[PDB]
Number of protein chains: 6
Amino acid sequence: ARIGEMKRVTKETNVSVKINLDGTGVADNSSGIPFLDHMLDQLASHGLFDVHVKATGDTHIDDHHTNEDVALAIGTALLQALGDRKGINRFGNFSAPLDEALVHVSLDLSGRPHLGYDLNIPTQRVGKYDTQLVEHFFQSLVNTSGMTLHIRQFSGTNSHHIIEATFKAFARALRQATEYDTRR
Amino acid sequence: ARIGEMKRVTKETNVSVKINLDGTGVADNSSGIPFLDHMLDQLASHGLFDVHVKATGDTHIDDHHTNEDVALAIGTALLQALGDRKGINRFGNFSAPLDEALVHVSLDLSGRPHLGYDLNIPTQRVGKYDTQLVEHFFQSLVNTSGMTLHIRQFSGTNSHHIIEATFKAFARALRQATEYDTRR
Amino acid sequence: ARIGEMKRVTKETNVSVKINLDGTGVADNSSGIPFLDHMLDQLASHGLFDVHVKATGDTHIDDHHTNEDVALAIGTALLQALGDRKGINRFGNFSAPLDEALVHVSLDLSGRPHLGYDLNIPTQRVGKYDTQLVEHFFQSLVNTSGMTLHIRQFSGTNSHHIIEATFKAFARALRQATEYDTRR
Amino acid sequence: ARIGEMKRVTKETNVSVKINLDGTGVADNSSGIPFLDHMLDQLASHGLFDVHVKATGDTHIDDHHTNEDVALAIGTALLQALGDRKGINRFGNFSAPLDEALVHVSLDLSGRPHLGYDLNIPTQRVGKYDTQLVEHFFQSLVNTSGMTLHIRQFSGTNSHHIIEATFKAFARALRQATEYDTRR
Amino acid sequence: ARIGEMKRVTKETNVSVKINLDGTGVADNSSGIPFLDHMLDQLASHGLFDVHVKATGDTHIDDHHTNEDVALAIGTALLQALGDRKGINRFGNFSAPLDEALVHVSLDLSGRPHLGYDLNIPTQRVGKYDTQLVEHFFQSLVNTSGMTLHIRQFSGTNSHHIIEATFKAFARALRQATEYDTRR
Amino acid sequence: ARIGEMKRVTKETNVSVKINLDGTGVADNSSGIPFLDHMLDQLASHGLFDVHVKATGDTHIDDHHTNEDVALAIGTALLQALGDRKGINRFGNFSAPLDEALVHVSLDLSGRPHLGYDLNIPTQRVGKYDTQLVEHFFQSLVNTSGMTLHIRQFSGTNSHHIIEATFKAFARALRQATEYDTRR
Ligand SMILES: O=P(O)(O)OC[C@H](O)[C@@H](O)c1cnc[nH]1
Ligand SMILES: O=P(O)(O)OC[C@H](O)[C@@H](O)c1cnc[nH]1
Ligand SMILES: O=P(O)(O)OC[C@H](O)[C@@H](O)c1cnc[nH]1
Ligand SMILES: O=P(O)(O)OC[C@H](O)[C@@H](O)c1cnc[nH]1
Ligand SMILES: O=P(O)(O)OC[C@H](O)[C@@H](O)c1cnc[nH]1
Ligand SMILES: O=P(O)(O)OC[C@H](O)[C@@H](O)c1cnc[nH]1
Ligand SMILES: [Mn+2]
Ligand SMILES: [Mn+2]
Ligand SMILES: [Mn+2]
Ligand SMILES: [Mn+2]
Ligand SMILES: [Mn+2]
Ligand SMILES: [Mn+2]
Ligand SMILES: [Mn+2]
Ligand SMILES: [Mn+2]
Ligand SMILES: [Mn+2]
Ligand SMILES: [Mn+2]
Ligand SMILES: [Mn+2]
Ligand SMILES: [Mn+2]
């Protein structure tokens, strides 16, 4: 089983993260940000990873520094879990709906970081969560993990539906790229 | 008296609902969402139904899952109260103002679900309540009850006035369609 | 083997339907509408289902009531064949060409009905079949089965080619979503 | 193992080609055109075919006649390797990135030739290779093999990145369509 | 060492301020406004001033009166610390980035107050802090200190990044203008 | 003296690089690309670094793979030379002309990679060198070194003048950011 780990402490935040790439979908996510915990459960449920996050930070300023440090920690742990990368599929591709929304995702585990982001989120807040932090989460994840990632919206109107469909399609495309390629 | 009931429990919410179609306007509505309780009182007061709702949920994420599960429960209870549908008017139609706002409603108790929605709500929050949830409430209600519904705005500026006039006109059109047609 | 059945008789039509989700591609389709029989054979041939339809109706008015009642019967039989839905893939996705035409399909077996339809069919009749009935067929199927469905055109000019490519891509995406997920 | 062969000699060129559809990714490509050799290596590496090309021609006029005759020879050898086409998947579909570029490919091994081409290459030369020859290569390949092919660009800026991503996505979609379908 | 002081009490607020122009970067900032404390720490860290603020006010109306009175107090203390202004550089100029944002600042310690402000902040709230108060802060500071100030945005998208880059560039330009000019 | 080193060998290229941050302007640059050697001499001459590059590659395809691998090696060696980064200026800023051209540069040695690129180069080739490789050079350098970089054109017409003025302004801004800050 490919298991990666990371711990990071600064003057703003304290973060611990653990990821299993050959899991059964166990989730235990307790950051300081309740809506982000709901999205990280989708990564376990539709990708079948084991995911565990614990974090405390400076949320009386805002949620920005806690959102950034958690995303950096997940990228580092994924790069440690993958290792040599011998014998994997390496590419993944999927489109996923939630009622009237639909999002398309493709990625490549290349060693070269890049983000292409093309979403149109029509409100500024979902509950207490700020909607500019969705794009900042994915940009910090690709910088520490070294992946090429493209995200593109086909339709949708409700803001809760659009974000949750992104995290569903991302989970299924990442599951495809990390599985072993039994050859032709 | 035509009385319908429903109870639904999931990992997000716990909901109980009871509706009387031949009532005197008794209201007892205690969801977790205070502005939605104020709108459900209009359904009892202007339609003369008896309406009772009790709900608890996961409102520290947001109000979305609690708003959706309550609406599904009301649609199921209405379909159980109606039964065979022998001898009713079946169609209803009404327009209702509140100061400078005016909304037109027509519906048909057909067995075929459809929503046509045409409102223009100019702010994002009324009190703590999110304004995209008005359209999600009516879409969940027509899917479990099987009704054809059309809603169209003629004028209006204040957001509180526009939503409360929708729930007034809906109540008077539903009262017309469920009453017995003493024949010509 | 997951097998679903339905019989419906009204003052307009008489319909019998049977579907096997673990089939070998046996087709026996005899509605009153010859072009619709040719499309239902594609569902058996490219999805590997067993499909059987028998229908008579009031085709001297037009084909509308017979087209609607057959589609409702197929949705009910699919919902009975699926049952609990334990252990399936649940999502499906595919794009299919026929000469110069190309159509993209994605779906989710959710319990929440919705149709997104985006085709541009350039003539009014193919043989004797009316081209507005393509959209009415898919809307009746999602209302009884409870599925989320999105259909989108990428290119194409000939009307026979565009409709037949829709039914090919739909068959391959439905085969993906009903198969058992041997886990990671 | 399905192996196809072809030899063609005219007053312009001399060409020999050999392809294995059940290979391990062995490449030995020596045409007179160095950039085209680099693209043919991608077909072996990402599709897992065995590919061997040897060619000499009249490259002091230009590269046009050598580029056309090699493409015709590959189409003939693929049609000989496939034979009866009993029991294959027959359809294939994939999207592939390279940094900021992304291209979508779908195809069908039908017996009816057609090309849909939609790329936007922003310079006239990559090294010594002329960029109008990319479209001429794919048009000659579909005429001798008899396949339906669609190619469409989603993003990209660098000319080397756009062409190499086309040959990657084409390789993965062709691998899907030639594999045996173990039935449902 | 050039040290300036100020105390101001009204029926709205109570404010105490102390600034050292020849400091080592010691910060002790406790206003009633948490996001403004985070920006005042940047003034100590990148300009190497010693800065100390203590304030209480009427924040149950809003943050406006507390934001205005703190800014007036800082301008007065800077004018007392500078004194005669013999032998200083008097002018300062700097451009500073933070990820995708970039802001240009130039100023002159002239005795004539003026503000030129050209920022485009795309949301209304960062955490609890209102974004119209950024411009009101700088206008009150130049009126009591008597400085000419110009602020201009070159790029940027995230609201937290744009404001924090303004306070970084302002700190480095003010450090340049208050240092002693060892002559040519 | 802060000295960094790197050696990288792949199936495309062979590269060796050495950089001194406290140098006297000694240059010894022998890649396979003659115009790129002329630009690397500007980095020694105007920034006062010592720079040494040796490379061989696959330039009969094109110059792309050799241009990319050299840029990656320089970024790694700079990150090794900097180390802890205690006591440096960390920011740099400069604008530089060459006849009718003028380019503005600012950067920050942050640990977070980002490139903003805004040039308009009016021809496709300068000598034998391809002009799309200027942007690819700077993107590979910021990914291995972890710097924030912004480049913006103010005027210019001749292609040789525009590129050489970029490399002059970059050299003077990097010299500023790596020097020791004798404190205030
Ligand atoms: O079981 P699902 O994966 O379909 O989860 C849907 C839930 O009800 C909830 O996550 C949701 C419903 N609408 C937005 N979010
Ligand atoms: O008695 P009414 O039905 O007219 O209720 C009006 C109330 O004052 C209140 O519901 C309201 C007034 N304006 C918006 N809402
Ligand atoms: O064998 P296929 O699946 O390619 O069927 C094609 C048939 O010839 C026919 O269905 C058709 C050809 N053009 C439109 N329809
Ligand atoms: O190993 P890869 O498949 O990612 O090959 C990338 C190579 O470095 C090279 O083919 C390339 C890099 N950029 C354009 N071409
Ligand atoms: O050390 P820095 O000056 O780069 O501070 C950056 C911090 O992480 C934080 O202030 C920040 C990061 N993004 C916005 N704010
Ligand atoms: O001495 P300089 O730095 O001005 O170098 C100018 C040279 O003549 C040469 O590099 C040049 C002149 N025009 C373009 N390049
Ligand atoms: Mn940030
Ligand atoms: Mn949800
Ligand atoms: Mn919902
Ligand atoms: Mn009211
Ligand atoms: Mn109808
Ligand atoms: Mn046909
Ligand atoms: Mn030709
Ligand atoms: Mn290449
Ligand atoms: Mn004021
Ligand atoms: Mn910050
Ligand atoms: Mn490259
Ligand atoms: Mn020169």
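Procedures and definitions
- Residues numbered from 1 in each chain as written, not as in the entry; some residues may be left out.
- Chains lettered and ligands numbered in written order.
- Part of a larger assembly, values for the part shown.
- Heavy atoms only, no water.
- Helix = DSSP H or I, 4+ residues; strand = E, 2+ residues; numbered from the N terminus.
- Contact = heavy atoms within 4.5 Å.
- Least-squares fit on C-alpha atoms.
- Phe/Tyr/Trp six-rings, centres within 6.5 Å; stacked < 30°, edge-to-face > 60°.
- Buried < 20%, exposed > 50% of the residue type's maximum accessible area, 1.4 Å probe, protein only.
- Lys NZ or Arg CZ within 6 Å of the ring centre and 35° of its normal.
- Donors = N, O, S within 2.8 Å, 3.2 Å for Na, K, Ca; no water.
- Near = heavy atom within 4 Å.
- Polar contact = N/O pair within 3.5 Å; in protein donor to acceptor, adjacent residues only side chain to side chain.
- Areas by Shrake-Rupley, 256 points an atom, 1.4 Å probe, with all protein chains shown as cover.
- Axes fitted to C-alpha atoms, helices over the stretch in contact; angles between N-to-C directions.
- Parallel < 35°, antiparallel > 145°, perpendicular 65-115°, else oblique.
- Left-handed = near helix turned anticlockwise from the far one by under 90°.
- Nonpolar A, V, L, I, M, F, W, Y, C, P; charged D, E, K, R; others polar.
- Pairing = 2+ DSSP bridges.

As recorded in the PDB header, cryo-EM is the method behind this entry, and the stated resolution is 2.23 Å.

(A) Main features of the side chain of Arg175(A). Structurally, the position occupied by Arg175(A) is in helix α4 (residues 159–178). If near-sequence neighbours (up to four positions away) are discounted, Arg175(A) is found in contact with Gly47(A), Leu48(A), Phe49(A), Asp181(C), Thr182(C) and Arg184(C).

(B) Inspection of the relation of the copies chain E and chain F at higher detail. With an RMSD of 0.0 Å, chain E superimposes on chain F once it is rotated by 120° and translated 0.0 Å along the axis. In short, the pair behaves as if placed about a three-fold rotation axis. Of the C-alpha atoms belonging to chain E, the one lying closest to the rotation axis is found on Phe94(E), 5.6 Å away.

(C) Representation of the packing of aromatic side chains within the structure. A full pass over the atoms with the stated rule returns 30 aromatic pairs over all chains. The interplanar angle of 85° and the centroid separation of 5.6 Å between the aromatic rings of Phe137(C) and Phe138(C) together place this pair among those described as edge-to-face. For the pair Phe137(C) and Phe138(C), one class covers both residues: buried. Ring centres 5.4 Å apart and planes at 35° place the aromatic pair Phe35(E) and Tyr129(E) in the tilted group. Placement of the pair is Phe35(E) in helix α1 (residues 34–47) and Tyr129(E) in the loop between β7 (114–118) and α3 (133–145), with a sequence separation of 94 residues. Of the two residues, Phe35(E) and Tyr129(E), neither departs from the other in class, the shared state being buried. Three or more aromatic residues link up through ring pairs in this structure, and these residues are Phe137(A), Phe138(A), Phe167(A) and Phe170(A). One cation-aromatic arrangement involves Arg152(A) over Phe154(D); the distance from NZ or CZ to the ring centre is 5.4 Å.

(D) Summary view of the coordination of the manganese ion (ligand 7). Protein coordination at the manganese ion (ligand 7): the donors are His64(A) (NE2), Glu68(A) (OE), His136(A) (NE2) and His161(E) (NE2), at 2.3 to 2.7 Å from the metal. Within this pair, whereas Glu68(A) is found in helix α2 (residues 64–82), its partner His136(A) is found in helix α3 (residues 133–145), the two being separated by 68 residues in sequence.

(E) How the structure looks around the site of ligand 2. Residue and element names in this part refer to chain B. Around ligand 2 sit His38, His160, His161, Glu164 and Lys168, and that is every residue in its neighbourhood. Between ligand 2 and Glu164 there is a distance of 3.0 Å, counted from an oxygen atom to a side-chain nitrogen or oxygen. Surface burial for ligand 2 is 42%, taken as the share of its 390 Å² of free accessible area covered by protein chains.

(F) Just the packing of α3(A) against α4(A), in detail. Residues and elements named next belong to chain A. Running from N to C, α3 and α4 point in directions that differ by 20°, and their axes come no closer than 12 Å. Considered as vectors, α3 and α4 are oriented roughly parallel to each other. As α3 runs across α4, the sense of the crossing is right-handed. Across the interface between the two elements, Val134, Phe137, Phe138 and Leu141 of α3 pack against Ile163, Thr166, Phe167 and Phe170 of α4. Residues that form the contact of α3 with α4 fall into these classes: seven nonpolar, one polar and no charged.

(G) Looking closely at the coordination of the manganese ion (ligand 16). Around the manganese ion (ligand 16), the protein supplies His65(A) (NE2), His38(E) (NE2), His160(E) (NE2) and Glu164(E) (OE) as donor atoms, at distances of 2.2 to 2.6 Å. Note that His65(A) is positioned in helix α2 and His160(E) in helix α4 (residues 159–178), a pairing that runs across two chains. For the pair shown, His65(A) and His160(E) are each scored as buried.

(H) How the structure looks around the site of ligand 5. Within the structure, ligand 5 sits among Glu12(A), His64(A), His65(A), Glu68(A), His38(E), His160(E), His161(E), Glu164(E), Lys168(E), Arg90(F) and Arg112(F). More than one chain reaches ligand 5: the nearby residues come from chains A, E and F. Between ligand 5 and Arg90(F), the relevant distance is 3.4 Å, taken from an oxygen atom to a side-chain nitrogen or oxygen of the residue. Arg112(F) is positioned with one of its side-chain polar atoms (N or O) 3.4 Å from an oxygen atom of ligand 5.

(I) Examining unusual backbone geometry more closely. Here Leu48(A), not a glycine, exhibits a phi torsion of approximately 60°, which is positive. With respect to the helices and strands, the residue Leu48(A) is situated in the loop between α1 (34–47) and β4 (50–56).

(J) Expanded view of the environment of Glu5(D). Residues and elements named next belong to chain D. Residue position: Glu5 is located in strand β1 (residues 3–9). Taking C-alpha positions, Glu5 is 27 Å from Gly116, a pair spaced 111 residues apart along the chain. Apart from the residues lying within four places of it in its own chain, the contact partners of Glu5 are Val17, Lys18, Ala77 and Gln80.

(K) Representation of the sheet that holds strand β5 (residues 91–98) of chain B within the structure. All names here are of chain B. The four strands are arranged β5-β6-β8-β7 in an open sheet whose pairing can be described as mixed. At either margin of the open sheet sits one strand with a lone partner, and together these are β5 and β7 (114–118). The mean inter-strand angle of the sheet, taken between neighbouring strand axes irrespective of direction, is 10°. Bridge count for β7 against strand β8 (residues 148–155) is five bridges, and the pairing is parallel. Across the sheet, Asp118 pairs through a bridge with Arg152, a residue of β8. With respect to the sheet, helix α3 (residues 133–145) is in contact with β7 and β8, its orientation differing from that of β7 by roughly 160°. Against the sheet, helix α4 (residues 159–178) engages β5, β6 (101–108) and β8, with an angle of about 150° to β5.

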